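*Asks:* pasting the first bit of my complex, frame unchanged:
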Amino acid sequence: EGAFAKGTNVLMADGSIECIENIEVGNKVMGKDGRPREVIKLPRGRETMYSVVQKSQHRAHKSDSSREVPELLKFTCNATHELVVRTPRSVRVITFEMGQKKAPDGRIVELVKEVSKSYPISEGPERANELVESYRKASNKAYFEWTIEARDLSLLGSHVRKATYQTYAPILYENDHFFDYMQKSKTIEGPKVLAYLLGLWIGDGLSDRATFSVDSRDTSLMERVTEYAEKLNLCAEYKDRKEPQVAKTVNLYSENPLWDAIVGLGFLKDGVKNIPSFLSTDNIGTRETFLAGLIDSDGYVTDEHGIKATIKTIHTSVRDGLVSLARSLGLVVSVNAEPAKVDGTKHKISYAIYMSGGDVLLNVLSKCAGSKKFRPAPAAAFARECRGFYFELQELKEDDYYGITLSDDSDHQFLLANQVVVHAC
């Protein structure tokens, strides 16, 4: 009964991507689980379609150039498709509670609602303050986790609607293409140092050779480079001058292993740098190390209002790939176009990717060697939680829809290519 528009990209169980119309019975799409979920039926038909998009200042790049930051968190579904949502629990006596509302069509739909119980003054203690404590203890989870057909979203009150959000899950699944490439290309620290160096190169490397820049003042980062380049058989050479007494050029010599990877893995294609898509479903440690390399190269870390890392890039291909990779780890990601710097040539626009996520981020930064980049690894084990995004629903015209049906009691959830968690009956 629930379905998506033609072209909706779905993340398959093996990490590959597939358009919704092309998935067949027997195929396996990705569960938030990182585990597979067999498609048993493919519902078709026509129905009013609704568009879902994360509420952002973006939304444009769809058939134009890539300069415009696109909004990847989106998808179109039919009127009856159930949106996987979350609304925080709240108590101020006003509260958010699971309730019911008479739908126009006469359907009785369960939804979160704002309610209030006003009782006579002079007795406040056992009065209302009795509930607050009970509500605050009602649930360990600080949020409601339920679903709601797109057509029914408009039934929610102002406060609940504005506070309700959808989620995207990290990509827990892991292919091993990075390691596979190295092995078939003929040490245990191998993948790590390679991914890191690929990070440094993507951040500020020459598009034609295995060379990039490093902070000339950051002695520990240079040690790291020398060290890592060493583990791969690279007599890494440094050269003074790069930025009016700030950066330093690094030439990694040995065919060149680092350069062969750049090309072979697709970090360079048609002279344009980028973050190959496979990275999003590859070894998690590898994704983190690559990122740390990127952060050590052209990024910064702030912690005032929560640990946060920013990566700067003039390459649109790196921008979108980074966003995808960062979210594949379960990081919260934001993008902003700002004025660009000069080097000799003047670039108009630069992209700043902001990443946050507590321990998830800490697990990336603890691999950096950058003086101000590194942060100690998490204090304990941690879960890569689902991340929420506020969205806007827009009713559209009637159109063909394609949906999938998951196995009997499986959790009825799977991920779209953009990691958004969706429902399937």
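*Replies:* Perfect, I can see it now. Numbers count the residues shown, from 1 in each chain, chains lettered A, B, ... in the order given.

*Asks:* give me every residue that touches residue A:191.
*Replies:* A:178, A:179, A:182, A:283, A:285, A:286, A:289 (CB atoms under 8 Å, 6 or more residues apart in numbering). From N, CA and C alone the C-beta is placed, and that goes for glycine too.

*Asks:* which one of these is nearest residue A:121?
*Replies:* residue A:285 (59.8 Å; CB to CB).

*Asks:* helix or strand for the residue lying closest to that closest one once chain neighbours are set aside, which one?
*Replies:* Closest residue to residue A:285 apart from its sequence neighbours, by CB to CB, 6 or more residues apart in numbering: residue A:192 at 7.1 Å. Element membership for residue A:192 (DSSP states H and E) is helix A:190-204.

*Asks:* Next: residue A:87.
*Replies:* strand A:82-88.

*Asks:* what helices or strands is that strand leaning on?
*Replies:* Counting contacts by 3 or more CB pairs under 8 Å, 6 or more residues apart in numbering; DSSP states H and E, strand A:82-88 packs against strand A:143-149, helix A:158-163, strand A:165-168, strand A:421-423.

*Asks:* Pull out the buried members of the contacts of residue A:191.
*Replies:* A:178, A:179, A:182, A:283, A:286, A:289 (16 or more other CB atoms under 10 Å).

*Asks:* Now do the same for the residue lying farthest from the centre of chain A: helix, strand or coil?
*Replies:* Relative to the C-alpha centroid of chain A, counting by CA atoms, centre = their mean, residue A:122 is the outermost residue, at 51.1 Å. The three-state label given to residue A:122 by DSSP: H, G, I helix; E, B strand; the rest coil is coil.

*Asks:* can you add chain B next? sequence is:
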Amino acid sequence: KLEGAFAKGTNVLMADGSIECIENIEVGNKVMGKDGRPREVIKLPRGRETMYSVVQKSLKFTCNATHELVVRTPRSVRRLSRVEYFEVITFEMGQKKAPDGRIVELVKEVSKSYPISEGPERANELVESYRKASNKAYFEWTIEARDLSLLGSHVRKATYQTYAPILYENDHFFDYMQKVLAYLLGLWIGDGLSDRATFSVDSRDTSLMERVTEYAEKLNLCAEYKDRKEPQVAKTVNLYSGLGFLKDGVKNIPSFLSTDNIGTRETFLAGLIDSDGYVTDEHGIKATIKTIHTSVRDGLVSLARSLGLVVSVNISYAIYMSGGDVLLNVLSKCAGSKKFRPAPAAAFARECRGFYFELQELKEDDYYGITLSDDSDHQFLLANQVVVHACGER
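*Replies:* With chain B added, the chains above now look like this:
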């Protein structure tokens, strides 16, 4: 010896919410405890010693060499592979001999590694032992200013000091009443005039309009909305029918607020945010206030930190505020359409906030110190809310 030693002029928060320089504190006096309760001063230790300045790495104070800094460092553990072994790196309390032979206790980054050809046995047991050897995610401890340089680079950078919210509450505002007033004052001192009880309100926001009216009525005041204050936007609001908000011709957020009733602080702050605040959800809830009046910037940073909020600043002054449930407890009192945000889901504690800092060895100078009742936690708050240590004494 034995004491909490600060440079002359250091402002400490007293137990009644008032402020006093360190040199003016006398025995028997009571300074503010981080729990909002008093800490009696027993002795007034003084002398000469090398001084060190503490200043938030962009909150500041100057103490002497032996003064103990109240610090926290996160716990941390990680596996890694590397002539080839499994390595586990941890942050744990340890010992380090100082140049003067002194054995100083402090957090150290420790590495334990053994042959991969020996099984993951211990490697996983180590992390296991570490990830349960404590009931908390951080180390709470102290270290003399002069010993801070002993910390290894990694531990040093991850080590921070803290400031506590001001839990103590004065009924100065309530008493004067002869809440609703705090909110309006927030609007009043957020987009209002100066010479009259008139302020600006977004004409386009029934929610807010409803609020101003409803609240004015509860304070016996007609509505009054003479339109045209801003090019088809702000609709002037007059309220027909002291505390210090009106100061020196420019708007100013009173001092007493910081130590007044917490609900009153929040309400005034909600009124201020509804007035001209910008709340964002991006990477955690945050509220941004912009001002030209320094008296306001300073008054707001104080009031915000008093609640346990994390604050940043950025002529135009941009004051950024964050803090999860603490901030939510403020935004839920707002009426603004884009300002309001649901109140916390459960009970929340106004936790101490951390701040990274730079320490700089200065020159020998006089110092003024105090000691607290040996029966206390040996800690108190400076006027800037920083939690400092003072030795306990009989």
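
*Asks:* try the contacts of residue A:191 again now we have chain B.
*Replies:* Residue A:191 makes contacts with A:178, A:179, A:182, A:283, A:285, A:286, A:289, as judged by CB atoms under 8 Å, 6 or more residues apart in numbering or on different chains.

*Asks:* And residue A:401, by the same measure?
*Replies:* A:3, A:4, A:5, A:43, A:44, A:45, A:46, A:47, A:49, A:77, A:78.

*Asks:* Which residues of the stretch 251-400 of chain A lie near chain B?
*Replies:* Neighbours of chain B within the stretch 251-400 of chain A, by CB under 8 Å from any CB of the partner chain: A:303-306, A:308, A:332, A:334, A:354, A:356, A:366, A:371-372, A:374-381, A:390.

*Asks:* Going by neighbour count, which of those are buried?
*Replies:* A:304-306, A:308, A:332, A:334, A:354, A:356, A:366, A:374-379 (16 or more other CB atoms under 10 Å in any protein chain shown).

*Asks:* Just the element for residue A:297, please.
*Replies:* Going by DSSP H and E, residue A:297 is part of helix A:284-298.

*Asks:* again but with residue A:360, I slipped
*Replies:* Element membership of residue A:360, judged by DSSP H and E, is helix A:359-365.

*Asks:* Please state the offset of the strand holding residue A:87 from the chain centre?
*Replies:* Centroid displacement of strand A:82-88 relative to its chain, using CA atoms, centre = their mean, to the nearest Å, is 18 Å.

*Asks:* Can you tell me what sits against that strand?
*Replies:* Outside strand A:82-88, the residues within contact range by CB under 8 Å, 6+ apart are A:2, A:52, A:77, A:96, A:112, A:142-150, A:153, A:160, A:163-167, A:388, A:393, A:413, A:421-423, A:425, B:342, B:345.

*Asks:* Those, buried ones only, as a PyMOL selection?
*Replies:* Restricted to buried positions by 16+ other CB under 10 Å, the PyMOL selection for the contacts of strand A:82-88 reads:
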select buried, (chain A and resi 2+52+77+96+112+143+144+146+147+148+149+150+153+160+163+164+165+166+167+388+393+413+421+422+423) or (chain B and resi 342+345)
